[PDB]
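**Q** Provided hereafter are the protein sequence and its experimental coordinates.
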Amino acid sequence: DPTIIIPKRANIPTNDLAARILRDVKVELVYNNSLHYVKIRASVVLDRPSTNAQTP
Amino acid sequence: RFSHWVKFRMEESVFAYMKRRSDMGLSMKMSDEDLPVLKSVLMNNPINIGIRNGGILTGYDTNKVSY
């Protein structure tokens, strides 16, 4: 989830107060890229061939 | 001959179910919730073929008791 973090007045340096400037506002995200390539492992057979049946 | 056939096929039918049920794990267990299935196991292989072929008798008598 994207997150936004903002400082408090106690953490702002006095020089920044004098200059009337706000610093260190931070944001974070994640990009959701797309697909480009696909590969397959097809197989052709003339027929088909352990029975554990126990929940892993 | 009938008695021998019934004996052999009952042993065969019980063993085959038990082994197949023990080969997947989940082996049979001695509990009231698992034992009744032997009713179906036995009723299936020998008895339901004997009735169809006519060797085993069925119906009601008069002795006043079912066959």
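**A** Good, I have the coordinates. Numbers count the residues shown, from 1 in each chain, chains lettered A, B, ... in the order given.
**Q** can you list phi and psi of residue B:58 for me?
**A** Residue B:58 adopts backbone torsions of phi -150, psi 160, taken as degrees, to the nearest 10.
**Q** residue B:67 versus that one, what's the distance?
**A** To residue B:67, residue B:58 is 5 Å away according to C-beta to C-beta, to the nearest Å. Heads up, the C-betas are built off the backbone N, CA and C, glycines and all.
**Q** can I assume residue A:26 is in contact with residue A:5?
**A** Yes. Using C-beta atoms under 8 Å, residue A:26 makes contact with residue A:5 at a distance of 4.8 Å.
**Q** for chain B, which helix is longest?
**A** Once chain B is assigned using DSSP state H, the helix that runs over the most residues is helix B:2-22.
**Q** now that one: buried residues?
**A** Judged by neighbour count (16 or more other C-beta atoms under 10 Å in any protein chain shown), helix B:2-22 contains these buried residues: B:9, B:13, B:17.
**Q** ok, now stretch B:44-55?
**A** Going by neighbour count (16+ other C-beta under 10 Å), the buried part of stretch B:44-55 is B:45, B:46, B:50.
**Q** any idea how far apart the tips of that stretch sit?
**A** Using C-alpha to C-alpha, to the nearest Å, one end of stretch B:44-55 lies 15 Å from the other.
**Q** rewinding a little: tell me the first helix or strand C-terminal of the longest helix of chain B.
**A** Heading C-terminal from helix B:2-22, the first helix or strand you meet, by DSSP states H and E, is helix B:38-42.
**Q** contacts for that next one, please.
**A** B:10, B:13, B:14, B:17 (C-beta atoms under 8 Å, 6 or more residues apart in numbering or on different chains).
**Q** try 6 Å this time
**A** With C-beta atoms under 6 Å, 6 or more residues apart in numbering or on different chains as the test, helix B:38-42 has contacts from residue B:17.
**Q** what does stretch B:3-22 give?
**A** The contact list for stretch B:3-22, computed with C-beta under 6 Å, 6+ apart, reads B:28, B:41, B:45, B:46.
**Q** and the furthest pair within those?
**A** With distances taken as C-beta to C-beta, the most widely separated pair in the contacts of stretch B:3-22 is B:28 and B:46, at 19.6 Å.
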